[PDB]
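Novice: Structure file run-v9.txt (compact mmCIF, C-alpha atoms) is given on the next line.
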```txt
# COMPACT_ATOMS: atom_id res chain seq x y z
CA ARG A 1 94.06 142.87 72.12
CA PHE A 2 93.20 139.31 73.13
CA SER A 3 94.30 138.39 76.69
CA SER A 4 97.52 136.42 76.98
CA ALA A 5 95.49 133.87 79.04
CA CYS A 6 92.99 133.37 76.16
CA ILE A 7 95.89 132.84 73.72
CA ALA A 8 97.63 130.36 76.15
CA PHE A 9 94.34 128.45 76.65
CA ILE A 10 93.92 127.93 72.87
CA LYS A 11 97.67 126.93 72.65
CA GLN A 12 97.23 124.46 75.60
CA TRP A 13 94.98 122.44 73.25
CA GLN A 14 95.62 123.36 69.63
CA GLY A 15 98.76 121.76 68.25
CA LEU A 16 101.21 123.61 66.06
CA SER A 17 101.98 122.38 62.57
CA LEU A 18 104.78 124.12 60.69
CA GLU A 19 103.88 122.22 57.52
CA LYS A 20 100.51 122.41 55.80
CA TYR A 21 98.18 119.41 55.71
CA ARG A 22 94.78 118.39 54.27
CA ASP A 23 92.03 118.18 56.86
CA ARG A 24 89.11 115.65 56.71
CA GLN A 25 87.23 117.89 54.24
CA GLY A 26 90.34 118.21 51.98
CA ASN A 27 91.10 121.84 52.91
CA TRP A 28 94.68 122.95 53.49
CA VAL A 29 95.50 123.89 57.12
CA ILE A 30 98.69 125.09 58.83
CA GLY A 31 99.92 126.56 62.10
CA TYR A 32 97.35 126.57 64.88
CA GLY A 33 94.53 125.26 62.72
CA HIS A 34 94.73 128.16 60.26
CA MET A 35 92.84 127.45 57.01
CA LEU A 36 94.93 128.64 54.04
CA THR A 37 93.19 130.65 51.24
CA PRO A 38 92.67 128.88 47.84
CA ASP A 39 95.69 130.40 46.00
CA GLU A 40 98.25 130.27 48.84
CA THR A 41 101.48 128.70 47.71
CA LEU A 42 103.28 128.21 51.03
CA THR A 43 103.99 124.73 52.37
CA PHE A 44 105.99 125.61 55.49
CA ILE A 45 105.85 128.48 57.99
CA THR A 46 107.78 129.62 61.04
CA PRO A 47 106.40 129.64 64.62
CA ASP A 48 106.08 133.53 64.43
CA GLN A 49 104.13 133.19 61.16
CA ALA A 50 101.86 130.64 62.88
CA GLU A 51 101.35 133.01 65.83
CA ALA A 52 100.36 135.84 63.46
CA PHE A 53 97.81 133.62 61.71
CA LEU A 54 96.32 132.65 65.11
CA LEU A 55 95.92 136.34 66.06
CA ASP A 56 94.48 137.03 62.58
CA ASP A 57 91.87 134.24 63.00
CA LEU A 58 90.95 135.30 66.56
CA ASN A 59 90.57 138.98 65.66
CA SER A 60 88.52 138.17 62.52
CA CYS A 61 86.11 136.19 64.59
CA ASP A 62 86.02 139.01 67.17
CA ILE A 63 85.08 141.60 64.53
CA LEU A 64 82.33 139.36 63.11
CA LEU A 65 81.08 138.46 66.61
CA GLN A 66 80.69 142.10 67.36
CA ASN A 67 78.44 142.39 64.49
CA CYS A 68 76.24 139.22 65.59
CA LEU A 69 76.18 140.32 69.32
CA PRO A 70 76.20 144.13 68.96
CA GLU A 71 75.38 144.81 72.61
CA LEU A 72 77.89 142.31 74.01
CA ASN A 73 80.55 144.37 75.73
CA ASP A 74 81.81 141.82 78.38
CA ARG A 75 85.28 140.90 77.04
CA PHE A 76 85.28 137.68 79.06
CA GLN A 77 82.14 136.47 77.33
CA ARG A 78 83.60 137.56 73.91
CA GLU A 79 86.80 135.59 74.58
CA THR A 80 84.94 132.50 75.82
CA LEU A 81 82.65 132.50 72.81
CA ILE A 82 85.64 132.81 70.52
CA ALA A 83 87.48 129.94 72.31
CA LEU A 84 84.32 127.81 72.10
CA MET A 85 83.93 128.42 68.36
CA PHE A 86 87.70 127.72 67.91
CA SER A 87 87.31 124.34 69.66
CA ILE A 88 84.21 123.35 67.66
CA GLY A 89 85.47 124.75 64.34
CA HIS A 90 88.87 123.13 64.13
CA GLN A 91 89.67 119.53 63.75
CA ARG A 92 92.39 118.33 66.12
CA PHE A 93 94.10 114.95 66.22
CA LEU A 94 94.44 112.30 68.87
CA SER A 95 97.72 112.12 70.76
CA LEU A 96 98.60 108.97 72.83
CA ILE A 97 101.63 110.85 74.51
CA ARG B 1 68.04 129.56 55.68
CA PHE B 2 66.99 128.96 59.31
CA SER B 3 64.34 126.46 60.30
CA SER B 4 60.90 127.74 61.27
CA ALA B 5 61.39 126.05 64.69
CA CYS B 6 64.69 127.94 65.31
CA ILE B 7 62.95 131.23 64.43
CA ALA B 8 59.94 130.43 66.62
CA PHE B 9 62.26 129.57 69.53
CA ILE B 10 63.92 132.96 69.27
CA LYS B 11 60.43 134.68 69.11
CA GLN B 12 59.08 132.70 72.07
CA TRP B 13 61.62 134.55 74.23
CA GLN B 14 62.70 137.73 72.55
CA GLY B 15 59.43 139.57 72.17
CA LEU B 16 58.35 142.22 69.80
CA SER B 17 58.27 146.00 70.02
CA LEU B 18 56.97 147.81 66.91
CA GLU B 19 58.17 151.08 68.53
CA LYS B 20 61.86 151.80 69.32
CA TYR B 21 62.87 151.73 72.98
CA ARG B 22 66.04 152.20 75.05
CA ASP B 23 66.98 148.86 76.52
CA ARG B 24 68.62 148.15 79.94
CA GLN B 25 72.18 148.85 78.67
CA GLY B 26 71.19 152.17 76.96
CA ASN B 27 70.89 151.25 73.27
CA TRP B 28 67.96 152.02 71.01
CA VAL B 29 66.36 148.76 69.89
CA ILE B 30 63.24 147.83 67.81
CA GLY B 31 61.46 144.70 66.55
CA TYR B 32 62.81 141.44 67.96
CA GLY B 33 65.77 143.03 69.86
CA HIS B 34 67.23 144.68 66.71
CA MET B 35 69.83 147.40 67.66
CA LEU B 36 69.18 150.60 65.61
CA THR B 37 71.94 151.99 63.37
CA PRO B 38 72.11 155.83 62.83
CA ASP B 39 70.79 155.37 59.22
CA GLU B 40 67.60 153.64 60.63
CA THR B 41 65.48 156.79 61.21
CA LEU B 42 62.11 155.00 61.78
CA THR B 43 60.90 154.75 65.29
CA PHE B 44 57.79 152.65 64.25
CA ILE B 45 57.86 149.57 62.04
CA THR B 46 55.49 146.86 60.74
CA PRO B 47 55.66 143.19 61.86
CA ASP B 48 57.00 142.40 58.37
CA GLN B 49 59.84 144.92 58.87
CA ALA B 50 60.45 143.42 62.41
CA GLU B 51 60.77 139.90 60.85
CA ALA B 52 63.10 141.22 58.12
CA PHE B 53 65.40 142.81 60.78
CA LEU B 54 65.36 139.45 62.65
CA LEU B 55 66.48 137.58 59.54
CA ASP B 56 69.24 140.18 59.05
CA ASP B 57 70.36 139.71 62.62
CA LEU B 58 70.35 135.90 62.31
CA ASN B 59 72.27 136.26 58.97
CA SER B 60 74.92 138.31 60.85
CA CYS B 61 75.32 135.34 63.19
CA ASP B 62 75.41 132.98 60.22
CA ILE B 63 78.20 135.06 58.57
CA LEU B 64 80.18 134.65 61.81
CA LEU B 65 79.70 130.91 61.77
CA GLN B 66 80.54 130.63 58.02
CA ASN B 67 83.80 132.38 58.56
CA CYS B 68 84.80 131.00 61.97
CA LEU B 69 83.32 127.46 61.78
CA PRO B 70 83.67 127.10 57.93
CA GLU B 71 83.50 123.25 58.06
CA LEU B 72 80.40 123.05 60.33
CA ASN B 73 77.91 120.91 58.41
CA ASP B 74 75.63 120.12 61.39
CA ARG B 75 72.57 122.41 60.96
CA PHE B 76 71.32 121.63 64.44
CA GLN B 77 74.63 122.72 66.04
CA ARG B 78 74.64 125.81 63.70
CA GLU B 79 71.15 126.75 64.89
CA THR B 80 71.78 126.13 68.58
CA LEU B 81 74.96 128.28 68.42
CA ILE B 82 72.98 131.06 66.70
CA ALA B 83 70.19 130.89 69.32
CA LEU B 84 72.68 130.87 72.20
CA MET B 85 74.51 133.88 70.78
CA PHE B 86 71.23 135.72 70.15
CA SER B 87 70.25 135.09 73.77
CA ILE B 88 73.57 136.30 75.21
CA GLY B 89 73.96 139.17 72.72
CA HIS B 90 70.54 140.73 72.73
CA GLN B 91 68.79 141.96 75.90
CA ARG B 92 65.25 140.83 76.70
CA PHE B 93 62.25 143.10 76.22
CA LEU B 94 59.45 142.51 78.87
CA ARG C 1 91.06 117.92 86.47
CA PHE C 2 91.15 121.25 84.59
CA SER C 3 94.23 122.53 82.81
CA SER C 4 96.25 125.30 84.44
CA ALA C 5 95.60 127.41 81.29
CA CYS C 6 91.79 127.00 81.62
CA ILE C 7 92.00 128.07 85.28
CA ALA C 8 94.25 131.03 84.47
CA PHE C 9 91.85 132.13 81.72
CA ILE C 10 88.98 132.19 84.19
CA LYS C 11 91.17 134.18 86.72
CA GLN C 12 92.34 136.67 84.08
CA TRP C 13 88.73 137.87 83.88
CA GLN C 14 86.86 136.95 87.01
CA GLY C 15 88.88 138.69 89.68
CA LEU C 16 89.26 138.01 93.31
CA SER C 17 87.54 139.38 96.39
CA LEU C 18 88.71 137.93 99.73
CA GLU C 19 85.73 139.73 101.35
CA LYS C 20 82.07 138.93 100.51
CA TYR C 21 80.19 141.49 98.45
CA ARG C 22 76.70 141.93 96.95
CA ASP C 23 77.01 141.70 93.21
CA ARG C 24 74.95 143.59 90.53
CA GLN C 25 72.02 141.12 90.67
CA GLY C 26 71.84 141.15 94.53
CA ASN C 27 73.59 137.92 95.56
CA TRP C 28 76.36 137.62 98.12
CA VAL C 29 79.52 136.42 96.39
CA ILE C 30 83.18 135.82 97.48
CA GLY C 31 86.47 134.63 95.98
CA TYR C 32 86.41 134.19 92.21
CA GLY C 33 82.65 134.91 91.79
CA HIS C 34 81.59 132.12 94.20
CA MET C 35 77.89 132.55 95.27
CA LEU C 36 77.56 132.11 99.08
CA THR C 37 75.26 129.40 100.49
CA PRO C 38 73.53 130.04 103.89
CA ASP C 39 75.90 127.49 105.57
CA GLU C 40 78.96 129.60 104.40
CA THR C 41 79.13 132.02 107.39
CA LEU C 42 82.61 133.48 106.61
CA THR C 43 82.72 136.90 105.13
CA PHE C 44 86.59 136.81 104.77
CA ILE C 45 88.58 133.99 103.21
CA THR C 46 92.20 133.16 102.24
CA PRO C 47 93.40 132.90 98.60
CA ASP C 48 93.66 129.13 99.17
CA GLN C 49 89.98 129.02 100.22
CA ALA C 50 89.11 131.24 97.14
CA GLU C 51 90.91 128.72 94.83
CA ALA C 52 89.15 125.77 96.52
CA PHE C 53 85.72 127.43 95.94
CA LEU C 54 86.74 127.98 92.27
CA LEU C 55 87.56 124.31 91.82
CA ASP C 56 84.20 123.42 93.42
CA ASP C 57 82.43 125.75 91.03
CA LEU C 58 84.27 124.34 88.00
CA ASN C 59 83.47 120.78 89.29
CA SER C 60 79.76 121.76 89.35
CA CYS C 61 80.10 122.63 85.67
CA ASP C 62 81.98 119.38 85.05
CA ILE C 63 79.16 117.37 86.74
CA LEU C 64 76.73 119.04 84.31
CA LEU C 65 78.86 118.08 81.35
CA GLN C 66 79.38 114.49 82.61
CA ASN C 67 75.68 113.97 82.87
CA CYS C 68 74.48 115.94 79.83
CA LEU C 69 77.40 115.38 77.40
CA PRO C 70 78.40 111.90 78.78
CA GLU C 71 80.26 110.91 75.56
CA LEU C 72 82.29 114.16 75.24
CA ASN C 73 85.92 113.04 75.08
CA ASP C 74 87.33 116.34 73.70
CA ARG C 75 88.98 118.08 76.71
CA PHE C 76 89.37 121.32 74.81
CA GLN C 77 85.62 121.47 74.00
CA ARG C 78 84.88 120.46 77.67
CA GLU C 79 87.03 123.33 78.93
CA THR C 80 85.70 125.93 76.50
CA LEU C 81 82.09 125.00 77.45
CA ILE C 82 82.99 125.33 81.15
CA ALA C 83 84.65 128.74 80.60
CA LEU C 84 81.72 129.99 78.51
CA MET C 85 79.22 128.89 81.15
CA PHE C 86 81.32 130.43 83.95
CA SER C 87 81.37 133.71 82.02
CA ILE C 88 77.61 133.76 81.39
CA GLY C 89 76.70 132.38 84.84
CA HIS C 90 78.85 134.43 87.13
CA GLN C 91 78.82 138.25 87.20
CA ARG C 92 82.08 140.20 86.92
CA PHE C 93 83.71 141.85 89.91
CA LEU C 94 85.55 145.17 89.00
CA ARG D 1 58.30 123.81 82.31
CA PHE D 2 60.36 123.96 79.12
CA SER D 3 58.81 126.15 76.38
CA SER D 4 56.92 124.32 73.65
CA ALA D 5 59.19 126.19 71.16
CA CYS D 6 62.37 124.78 72.81
CA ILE D 7 60.89 121.25 72.66
CA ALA D 8 59.85 121.72 68.95
CA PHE D 9 63.33 123.07 68.08
CA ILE D 10 65.03 119.95 69.52
CA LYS D 11 62.41 117.74 67.70
CA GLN D 12 63.04 119.65 64.39
CA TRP D 13 66.54 118.10 64.46
CA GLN D 14 66.65 115.06 66.72
CA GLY D 15 65.15 111.99 65.11
CA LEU D 16 62.88 109.61 66.95
CA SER D 17 63.82 105.96 67.33
CA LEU D 18 61.22 103.64 68.83
CA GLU D 19 63.78 100.83 68.98
CA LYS D 20 67.02 100.99 70.93
CA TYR D 21 70.38 101.07 69.15
CA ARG D 22 74.12 101.10 69.96
CA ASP D 23 75.77 104.46 69.39
CA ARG D 24 79.42 104.90 68.20
CA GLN D 25 80.70 104.38 71.76
CA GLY D 26 78.60 101.17 72.18
CA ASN D 27 76.03 102.70 74.56
CA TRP D 28 72.34 101.89 74.16
CA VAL D 29 70.16 104.83 73.02
CA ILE D 30 66.44 105.17 72.29
CA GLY D 31 63.77 107.79 71.64
CA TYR D 32 65.11 111.29 71.10
CA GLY D 33 68.71 110.37 71.84
CA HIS D 34 67.94 109.11 75.35
CA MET D 35 70.80 107.04 76.83
CA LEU D 36 69.37 103.97 78.59
CA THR D 37 70.74 103.04 82.08
CA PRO D 38 72.97 99.90 82.34
CA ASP D 39 70.28 97.45 83.58
CA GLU D 40 67.36 98.61 81.40
CA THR D 41 65.70 95.70 79.67
CA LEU D 42 63.44 97.50 77.18
CA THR D 43 64.04 97.24 73.45
CA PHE D 44 61.05 99.20 72.14
CA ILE D 45 59.12 102.23 73.42
CA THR D 46 56.09 104.24 72.38
CA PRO D 47 56.19 107.87 71.14
CA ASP D 48 54.73 109.04 74.57
CA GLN D 49 57.48 107.09 76.38
CA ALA D 50 60.05 108.79 74.12
CA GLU D 51 58.53 112.21 74.87
CA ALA D 52 58.76 111.56 78.63
CA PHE D 53 62.43 110.58 78.33
CA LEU D 54 63.14 113.80 76.38
CA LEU D 55 61.50 115.90 79.13
CA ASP D 56 63.41 113.87 81.76
CA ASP D 57 66.76 114.56 79.99
CA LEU D 58 66.00 118.28 79.49
CA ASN D 59 64.90 118.82 83.10
CA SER D 60 67.91 116.89 84.48
CA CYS D 61 70.24 119.12 82.57
CA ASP D 62 68.27 122.17 83.75
CA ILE D 63 68.65 121.19 87.41
CA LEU D 64 72.39 120.58 87.01
CA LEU D 65 72.84 123.80 85.00
CA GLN D 66 71.27 125.71 87.81
CA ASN D 67 73.87 124.44 90.04
CA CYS D 68 76.84 125.39 87.52
CA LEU D 69 75.30 128.87 86.73
CA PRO D 70 73.65 129.72 90.07
CA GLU D 71 72.96 133.35 89.18
CA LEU D 72 71.58 132.62 85.70
CA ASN D 73 67.90 133.46 85.85
CA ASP D 74 67.23 134.32 82.11
CA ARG D 75 65.13 131.34 80.95
CA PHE D 76 66.02 132.04 77.32
CA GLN D 77 69.71 131.66 78.04
CA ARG D 78 69.00 128.47 80.11
CA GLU D 79 67.01 126.97 77.21
CA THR D 80 69.62 127.91 74.60
CA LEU D 81 72.43 126.44 76.67
CA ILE D 82 70.45 123.25 77.12
CA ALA D 83 69.69 123.04 73.36
CA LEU D 84 73.38 123.65 72.60
CA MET D 85 74.52 120.89 74.96
CA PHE D 86 71.81 118.58 73.49
CA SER D 87 73.17 119.19 69.96
CA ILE D 88 76.81 118.64 70.97
CA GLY D 89 76.08 115.71 73.31
CA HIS D 90 74.03 113.49 71.06
CA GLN D 91 75.11 111.71 68.00
CA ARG D 92 72.68 112.08 65.10
CA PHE D 93 72.76 110.35 61.73
CA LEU D 94 72.92 111.60 58.19
CA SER D 95 69.69 111.62 56.19
CA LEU D 96 69.78 111.99 52.34
CA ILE D 97 65.89 112.58 52.24
```
How does the structure come out when it is put into structure tokens?
Specialist:
Amino acid sequence: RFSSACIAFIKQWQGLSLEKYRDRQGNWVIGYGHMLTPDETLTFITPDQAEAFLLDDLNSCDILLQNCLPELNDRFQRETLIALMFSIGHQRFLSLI
Amino acid sequence: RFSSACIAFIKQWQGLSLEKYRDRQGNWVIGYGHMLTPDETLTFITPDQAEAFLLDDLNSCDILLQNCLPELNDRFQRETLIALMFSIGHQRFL
Amino acid sequence: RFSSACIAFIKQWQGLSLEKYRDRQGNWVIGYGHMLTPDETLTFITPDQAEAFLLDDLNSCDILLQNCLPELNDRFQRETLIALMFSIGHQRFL
Amino acid sequence: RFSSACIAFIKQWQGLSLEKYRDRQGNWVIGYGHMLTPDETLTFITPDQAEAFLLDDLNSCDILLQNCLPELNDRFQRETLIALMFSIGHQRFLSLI
């Protein structure tokens, strides 16, 4: 349901991690910045599992946005708001090439 | 939950209707831009009820931020995101 | 200046008109939602001219961020702010 | 020209400094997060001077926003975008009471 361009834009900037890591706040993260639930036992995932978690995270935020902005029907503005929150809400790491 | 200044900023611009009205995009709205649900059968409310609907609506935006920005610990940025979304997501009155 | 993915995201949604048209709020627009100035006398442009106007319009948003977020060194956040502002600030085509 | 409520909202959260300081990037800042120009010689300012710099910063961003969002006429959305940029664009400091 998200545009392929919105998904490519987030993947232009969000790195992929196939192994889980602790972020600055000590929470476990994996894939494209996916925060794991408290009981999750996995350490590694596949690229397809990471893609599914990214779609899960984007669609969850879309459903909850709908409920904050009930009259907002412009899908462009929904996607840009979601990409904005994704960029503010996820810690990324510096890369010197 | 929200600062009095954040709430006042939203009321400076949103504007109150104690009677329901059909806004520019065809939805029934009341209070401070609150979109009516089919279980909300009142077409006239008190200012206290208008404020309570506003806090529900801001809480809906807070739920979004708690789930999609779970590590945001900057209350100013939280509040500015909520005000921005309220301004884009609700239509103006008059 | 802007990533190809950021540009593609804006083109996925904005939509191209090689002919000028009066948008929903009454302004003359052309290309990818580019608002005409009185010195822009063409009413028909090439796709290359449409892309050049888009890069001017994104540069106007970049000038805003360079002056009002001068310490922002997160290109992703820069680009998401630019796309959000483009989506709120330009009307859709069809 | 900005609403008193927009100005009070930014002052609810942005602290006032009457003396200049170096931010994380080594730039000089004073007042309500006002970045000083390269040649400025002042070290201290008054609260009225800080207020004028805040209005200067808000109105500069308004003029440049106008030029990025030429069709945006809703003053509420202009003010919220400006407050958002102000909160993202300025470093603030932790206060334990």
Novice: Please identify all polymer residues within 10 Å of range 43-51 of chain B, counting only C-alpha atoms, omitting same-chain residues fewer than 2 positions from it, and present them as an MDAnalysis selection string.
Specialist: chainID B and resid 7 11 16:21 28:34 36 40:41 53:57
Novice: Mind dumping the selected residues with C-alpha atoms as an mmCIF file, in the coordinates of the input?
Specialist:
```
data_model
loop_
_atom_site.group_PDB
_atom_site.id
_atom_site.type_symbol
_atom_site.label_atom_id
_atom_site.label_comp_id
_atom_site.auth_asym_id
_atom_site.auth_seq_id
_atom_site.Cartn_x
_atom_site.Cartn_y
_atom_site.Cartn_z
ATOM 1 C CA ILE B 7 62.950 131.230 64.430
ATOM 2 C CA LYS B 11 60.430 134.680 69.110
ATOM 3 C CA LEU B 16 58.350 142.220 69.800
ATOM 4 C CA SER B 17 58.270 146.000 70.020
ATOM 5 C CA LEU B 18 56.970 147.810 66.910
ATOM 6 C CA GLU B 19 58.170 151.080 68.530
ATOM 7 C CA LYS B 20 61.860 151.800 69.320
ATOM 8 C CA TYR B 21 62.870 151.730 72.980
ATOM 9 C CA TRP B 28 67.960 152.020 71.010
ATOM 10 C CA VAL B 29 66.360 148.760 69.890
ATOM 11 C CA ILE B 30 63.240 147.830 67.810
ATOM 12 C CA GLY B 31 61.460 144.700 66.550
ATOM 13 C CA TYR B 32 62.810 141.440 67.960
ATOM 14 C CA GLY B 33 65.770 143.030 69.860
ATOM 15 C CA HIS B 34 67.230 144.680 66.710
ATOM 16 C CA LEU B 36 69.180 150.600 65.610
ATOM 17 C CA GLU B 40 67.600 153.640 60.630
ATOM 18 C CA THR B 41 65.480 156.790 61.210
ATOM 19 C CA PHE B 53 65.400 142.810 60.780
ATOM 20 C CA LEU B 54 65.360 139.450 62.650
ATOM 21 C CA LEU B 55 66.480 137.580 59.540
ATOM 22 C CA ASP B 56 69.240 140.180 59.050
ATOM 23 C CA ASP B 57 70.360 139.710 62.620
#
```
Novice: Specify as a list in words all residues of chain A found within 10 Å of chain C, counting all atoms listed in the file.
Specialist: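 That gives the following set of residues: residues 3, 4, 5, 6, 7, 8, 9, 10, 11, 12, 13, 14, 74, 75, 76, 77, 78, 79, 80, 81, 82, 83, 84, 85, 86, 87, 88, 92 and 94 of chain A.
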Novice: Nearest to residue 33 in chain D: which of D:59, D:16, D:67, D:93 is it, counting all atoms listed in the file?
Specialist: D:16
Novice: Report the distance between CA of residue 72 in chain A and CA of residue 89 in chain B in Å, rounded to one decimal place.
Specialist: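 Going from CA of residue 72 in chain A over to CA of residue 89 in chain B covers 5.2 Å.
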Novice: Residue 29 in chain A: which residues within 12 Å, counting all atoms listed in the file, same-chain residues fewer than 3 positions away excluded, as a ChimeraX atom specification?
Specialist: /A:15-26,32-38,40,42-45,50,53-54,90-92
Novice: Any chance you could lay chain C over chain B, fitting all C-alpha atoms in order by least squares, and write the moved chain as a short mmCIF file (atom, residue, chain, number, x, y, z; two decimals) with C-alpha atoms, in the coordinates of the input?
Specialist:
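Listed below is the output, selection08.cif:
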```
data_model
loop_
_atom_site.label_atom_id
_atom_site.label_comp_id
_atom_site.auth_asym_id
_atom_site.auth_seq_id
_atom_site.Cartn_x
_atom_site.Cartn_y
_atom_site.Cartn_z
CA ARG C 1 68.03 129.56 55.68
CA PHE C 2 66.99 128.96 59.31
CA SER C 3 64.33 126.46 60.30
CA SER C 4 60.89 127.74 61.27
CA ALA C 5 61.40 126.05 64.69
CA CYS C 6 64.69 127.94 65.30
CA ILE C 7 62.95 131.23 64.43
CA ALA C 8 59.94 130.43 66.62
CA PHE C 9 62.26 129.56 69.53
CA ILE C 10 63.92 132.96 69.27
CA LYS C 11 60.43 134.68 69.11
CA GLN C 12 59.08 132.70 72.08
CA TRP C 13 61.62 134.55 74.23
CA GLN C 14 62.70 137.74 72.55
CA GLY C 15 59.42 139.57 72.17
CA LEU C 16 58.35 142.22 69.80
CA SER C 17 58.27 146.00 70.02
CA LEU C 18 56.97 147.81 66.91
CA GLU C 19 58.17 151.08 68.53
CA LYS C 20 61.86 151.81 69.33
CA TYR C 21 62.87 151.73 72.97
CA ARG C 22 66.04 152.21 75.06
CA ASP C 23 66.98 148.87 76.52
CA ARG C 24 68.63 148.15 79.95
CA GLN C 25 72.18 148.85 78.68
CA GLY C 26 71.19 152.17 76.96
CA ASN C 27 70.89 151.24 73.27
CA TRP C 28 67.95 152.02 71.01
CA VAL C 29 66.36 148.77 69.89
CA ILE C 30 63.24 147.82 67.81
CA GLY C 31 61.46 144.70 66.55
CA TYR C 32 62.81 141.44 67.96
CA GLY C 33 65.77 143.03 69.86
CA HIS C 34 67.23 144.68 66.71
CA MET C 35 69.82 147.40 67.66
CA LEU C 36 69.19 150.60 65.61
CA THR C 37 71.94 152.00 63.37
CA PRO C 38 72.11 155.83 62.83
CA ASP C 39 70.79 155.37 59.22
CA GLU C 40 67.60 153.63 60.63
CA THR C 41 65.47 156.79 61.21
CA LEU C 42 62.11 154.99 61.78
CA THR C 43 60.89 154.75 65.29
CA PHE C 44 57.79 152.65 64.25
CA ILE C 45 57.86 149.58 62.04
CA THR C 46 55.49 146.86 60.73
CA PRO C 47 55.66 143.19 61.86
CA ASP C 48 57.00 142.40 58.37
CA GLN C 49 59.84 144.92 58.87
CA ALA C 50 60.45 143.43 62.41
CA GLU C 51 60.77 139.90 60.85
CA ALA C 52 63.10 141.22 58.12
CA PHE C 53 65.39 142.81 60.78
CA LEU C 54 65.36 139.45 62.65
CA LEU C 55 66.48 137.58 59.55
CA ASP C 56 69.24 140.18 59.05
CA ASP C 57 70.36 139.70 62.62
CA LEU C 58 70.35 135.90 62.32
CA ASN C 59 72.27 136.26 58.98
CA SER C 60 74.92 138.31 60.85
CA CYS C 61 75.32 135.34 63.19
CA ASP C 62 75.41 132.97 60.22
CA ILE C 63 78.20 135.06 58.58
CA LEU C 64 80.19 134.65 61.81
CA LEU C 65 79.70 130.91 61.76
CA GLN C 66 80.54 130.63 58.03
CA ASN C 67 83.81 132.38 58.56
CA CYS C 68 84.80 130.99 61.97
CA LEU C 69 83.32 127.46 61.77
CA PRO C 70 83.67 127.09 57.93
CA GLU C 71 83.50 123.25 58.06
CA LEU C 72 80.41 123.04 60.33
CA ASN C 73 77.92 120.91 58.41
CA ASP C 74 75.63 120.12 61.39
CA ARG C 75 72.56 122.41 60.96
CA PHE C 76 71.31 121.63 64.44
CA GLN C 77 74.63 122.71 66.04
CA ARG C 78 74.64 125.81 63.70
CA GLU C 79 71.15 126.75 64.88
CA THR C 80 71.79 126.13 68.58
CA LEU C 81 74.97 128.29 68.41
CA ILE C 82 72.98 131.07 66.70
CA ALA C 83 70.19 130.89 69.32
CA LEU C 84 72.69 130.86 72.20
CA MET C 85 74.51 133.88 70.78
CA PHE C 86 71.23 135.73 70.15
CA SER C 87 70.25 135.09 73.77
CA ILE C 88 73.57 136.30 75.21
CA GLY C 89 73.95 139.18 72.72
CA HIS C 90 70.54 140.73 72.74
CA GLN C 91 68.80 141.97 75.90
CA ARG C 92 65.25 140.84 76.71
CA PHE C 93 62.25 143.09 76.22
CA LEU C 94 59.45 142.50 78.87
#
```
Novice: Please, what distance in Å, to one decimal, runs between CA of residue 60 in chain A and CA of residue 89 in chain A?
Specialist: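 Between CA of residue 60 in chain A and CA of residue 89 in chain A the gap is 13.9 Å.
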Novice: What is the CA of residue 39 in chain B-CA of residue 94 in chain B distance in Å, reported with one decimal?
Specialist: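 Between CA of residue 39 in chain B and CA of residue 94 in chain B the gap is 26.1 Å.
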